[PDB]
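**Q** Mind having a look at this structure? Questions to follow.
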Amino acid sequence: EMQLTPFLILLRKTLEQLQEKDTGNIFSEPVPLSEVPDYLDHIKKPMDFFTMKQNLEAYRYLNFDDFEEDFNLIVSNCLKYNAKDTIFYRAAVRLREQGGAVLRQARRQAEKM
Ligand SMILES: Cc1cc2nnc(C)n2c2ccccc12
């Protein structure tokens, strides 16, 4: 029960803030399946920030939960695929931690709409 335009503006800003936390840009684009041929064997739904941007503009995110669900996929897919002693796994933990704070503040602002 809100206006579409300000909500999408908020999701755009939020997505930019989450990308800022991924300083290595390891989640910016889809996991390269040509370099990771076994990736789809374990990961049923790949996700990344570029795909999230396309979904946002395609109106796939009309509430905060669906936006946050795809962010959580970025994190959980990486924790699942990679061993704990890898940079990838630790980067996903760090993104979960730093991204969670970004998301809580942004959801509060959506709730004011
Ligand atoms: C191999 C690999 C594994 C991997 N797991 N999660 C992510 C994100 N990745 C990558 C991202 C960019 C390039 C390679 C990978």
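Following the order of the structure tokens, first chain is A, next is B, and so on, with residues numbered from 1 inside each chain and ligands from 1 in the order they appear.
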Give the residue list for ligand 1 at 8 Å, counting only C-alpha atoms and all ligand atoms, as a ChimeraX atom specification, sorted by chain and then by residue number.

**A** /A:26-27,29-32,35-36,39,48,74,77-79,81-82,88-89

**Q** Selection from above, C-alpha atoms, as a PDB file, in the first residue's frame, can you write it?

**A**
```
ATOM      1  CA  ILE A  26      33.243 -10.982  -6.277  1.00  0.00           C
ATOM      2  CA  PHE A  27      29.426 -10.858  -6.202  1.00  0.00           C
ATOM      3  CA  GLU A  29      28.322 -10.629 -11.788  1.00  0.00           C
ATOM      4  CA  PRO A  30      27.140 -14.241 -12.108  1.00  0.00           C
ATOM      5  CA  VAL A  31      29.592 -16.913 -10.992  1.00  0.00           C
ATOM      6  CA  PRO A  32      31.356 -17.769 -14.290  1.00  0.00           C
ATOM      7  CA  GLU A  35      35.209 -21.457 -15.026  1.00  0.00           C
ATOM      8  CA  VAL A  36      33.163 -23.378 -12.431  1.00  0.00           C
ATOM      9  CA  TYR A  39      28.590 -24.961  -9.819  1.00  0.00           C
ATOM     10  CA  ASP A  48      24.521 -11.803  -8.083  1.00  0.00           C
ATOM     11  CA  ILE A  74      24.148 -14.399  -2.957  1.00  0.00           C
ATOM     12  CA  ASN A  77      25.134 -19.891  -2.375  1.00  0.00           C
ATOM     13  CA  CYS A  78      28.707 -18.822  -1.649  1.00  0.00           C
ATOM     14  CA  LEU A  79      28.774 -20.357   1.845  1.00  0.00           C
ATOM     15  CA  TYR A  81      29.783 -23.900  -2.580  1.00  0.00           C
ATOM     16  CA  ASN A  82      33.073 -22.892  -0.919  1.00  0.00           C
ATOM     17  CA  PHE A  88      35.129 -16.600  -0.920  1.00  0.00           C
ATOM     18  CA  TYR A  89      33.534 -18.152   2.155  1.00  0.00           C
TER      19      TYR A  89
END
```

**Q** Extract, using only C-alpha atoms, all DNA, RNA and protein residues at most 12 Å from residue 5 (chain A), discarding same-chain residues fewer than 2 positions from it, and format them as a list in words.

**A**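 The contact residues come out as residues 2, 3, 7, 8, 9, 10, 11, 12, 56, 57, 59, 62, 110 and 113 of chain A.
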
**Q** How far is it from CA of residue 13 (chain A) to CA of residue 102 (chain A), in Å with one decimal?

**A**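 A separation of 10.2 Å between them.
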
**Q** Which residue, A:41, A:99, A:109, A:90, has the smallest gap to residue 64 (chain A) when you use only C-alpha atoms?

**A**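 Answer, going by the shortest atom-to-atom distance: A:109.
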
**Q** Determine the nearest neighbour of residue 21 (chain A) from the options A:51, A:98, A:72, A:63, counting only C-alpha atoms.

**A**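 Distance minimum relative to residue 21 (chain A) lands on A:98.
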
**Q** What is the CA of residue 54 (chain A)-CA of residue 4 (chain A) distance in Å, reported with one decimal?

**A**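 Those two atoms sit 16.4 Å apart.
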
**Q** Under the rule that only C-alpha atoms are counted, which of A:67, A:92, A:19, A:83 is the nearest residue to residue 55 (chain A)?

**A**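 Looking at the shortest contact to residue 55 (chain A), the residue is A:67.
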
**Q** If DSSP is run on the backbone, what residues of chain A are alpha helix (DSSP H)? A reply as a PyMOL selection string would be ideal.

**A** chain A and resi 4-21+39-42+49-57+64-81+87-111

**Q** Using only C-alpha atoms, which protein or nucleic acid residues come within 12 Å of residue 65 (chain A)? Drop anything in the same chain fewer than 3 positions from it, and give the result as an mmCIF file with N, CA, C and O atoms, in the first residue's frame.

**A**
```cif
data_model
loop_
_atom_site.group_PDB
_atom_site.id
_atom_site.type_symbol
_atom_site.label_atom_id
_atom_site.label_comp_id
_atom_site.auth_asym_id
_atom_site.auth_seq_id
_atom_site.Cartn_x
_atom_site.Cartn_y
_atom_site.Cartn_z
ATOM 1 N N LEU A 11 15.154 0.882 -3.208
ATOM 2 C CA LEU A 11 15.851 -0.366 -3.503
ATOM 3 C C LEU A 11 17.101 -0.113 -4.327
ATOM 4 O O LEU A 11 18.119 -0.784 -4.127
ATOM 5 N N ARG A 60 10.538 -7.228 -10.465
ATOM 6 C CA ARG A 60 10.440 -8.467 -9.716
ATOM 7 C C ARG A 60 10.464 -8.252 -8.209
ATOM 8 O O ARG A 60 10.207 -9.203 -7.463
ATOM 9 N N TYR A 61 10.768 -7.038 -7.739
ATOM 10 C CA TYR A 61 10.901 -6.741 -6.311
ATOM 11 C C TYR A 61 9.879 -5.686 -5.916
ATOM 12 O O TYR A 61 10.157 -4.483 -5.978
ATOM 13 N N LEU A 62 8.720 -6.130 -5.455
ATOM 14 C CA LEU A 62 7.657 -5.223 -5.071
ATOM 15 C C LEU A 62 7.440 -5.187 -3.574
ATOM 16 O O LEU A 62 6.510 -4.530 -3.108
ATOM 17 N N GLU A 68 15.377 -8.840 -0.318
ATOM 18 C CA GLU A 68 16.285 -9.431 0.657
ATOM 19 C C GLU A 68 16.499 -10.919 0.404
ATOM 20 O O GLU A 68 17.602 -11.427 0.652
ATOM 21 N N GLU A 69 15.479 -11.622 -0.109
ATOM 22 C CA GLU A 69 15.634 -13.040 -0.422
ATOM 23 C C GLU A 69 16.732 -13.268 -1.459
ATOM 24 O O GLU A 69 17.523 -14.210 -1.334
ATOM 25 N N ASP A 70 16.795 -12.428 -2.497
ATOM 26 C CA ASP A 70 17.831 -12.636 -3.505
ATOM 27 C C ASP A 70 19.199 -12.249 -2.964
ATOM 28 O O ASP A 70 20.195 -12.889 -3.311
ATOM 29 N N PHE A 71 19.274 -11.220 -2.112
ATOM 30 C CA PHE A 71 20.548 -10.926 -1.463
ATOM 31 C C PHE A 71 21.012 -12.106 -0.631
ATOM 32 O O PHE A 71 22.198 -12.473 -0.659
ATOM 33 N N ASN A 72 20.095 -12.700 0.138
ATOM 34 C CA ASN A 72 20.460 -13.838 0.969
ATOM 35 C C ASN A 72 20.947 -15.004 0.125
ATOM 36 O O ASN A 72 21.803 -15.771 0.576
ATOM 37 N N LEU A 103 20.498 -3.593 5.209
ATOM 38 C CA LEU A 103 19.132 -4.007 4.908
ATOM 39 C C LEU A 103 18.156 -3.591 6.000
ATOM 40 O O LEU A 103 17.013 -3.220 5.708
ATOM 41 N N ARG A 104 18.577 -3.666 7.264
ATOM 42 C CA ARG A 104 17.687 -3.290 8.359
ATOM 43 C C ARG A 104 17.306 -1.818 8.271
ATOM 44 O O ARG A 104 16.133 -1.454 8.430
ATOM 45 N N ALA A 106 17.331 0.043 5.585
ATOM 46 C CA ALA A 106 16.531 0.289 4.388
ATOM 47 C C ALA A 106 15.104 -0.218 4.555
ATOM 48 O O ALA A 106 14.157 0.405 4.060
ATOM 49 N N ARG A 107 14.930 -1.346 5.246
ATOM 50 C CA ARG A 107 13.585 -1.868 5.464
ATOM 51 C C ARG A 107 12.780 -0.940 6.361
ATOM 52 O O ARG A 107 11.570 -0.779 6.164
ATOM 53 N N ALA A 110 11.434 1.675 4.093
ATOM 54 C CA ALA A 110 10.294 1.157 3.342
ATOM 55 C C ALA A 110 9.041 1.116 4.206
ATOM 56 O O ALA A 110 7.932 1.365 3.719
ATOM 57 N N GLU A 111 9.198 0.807 5.496
ATOM 58 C CA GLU A 111 8.043 0.717 6.383
ATOM 59 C C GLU A 111 7.438 2.079 6.693
ATOM 60 O O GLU A 111 6.297 2.144 7.168
#
```

**Q** Given the choices A:23, A:93, A:43, A:17, which gets closest to residue 80 (chain A) if the distance is worked out from only C-alpha atoms?

**A**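 Smallest distance to residue 80 (chain A) is found for A:43.
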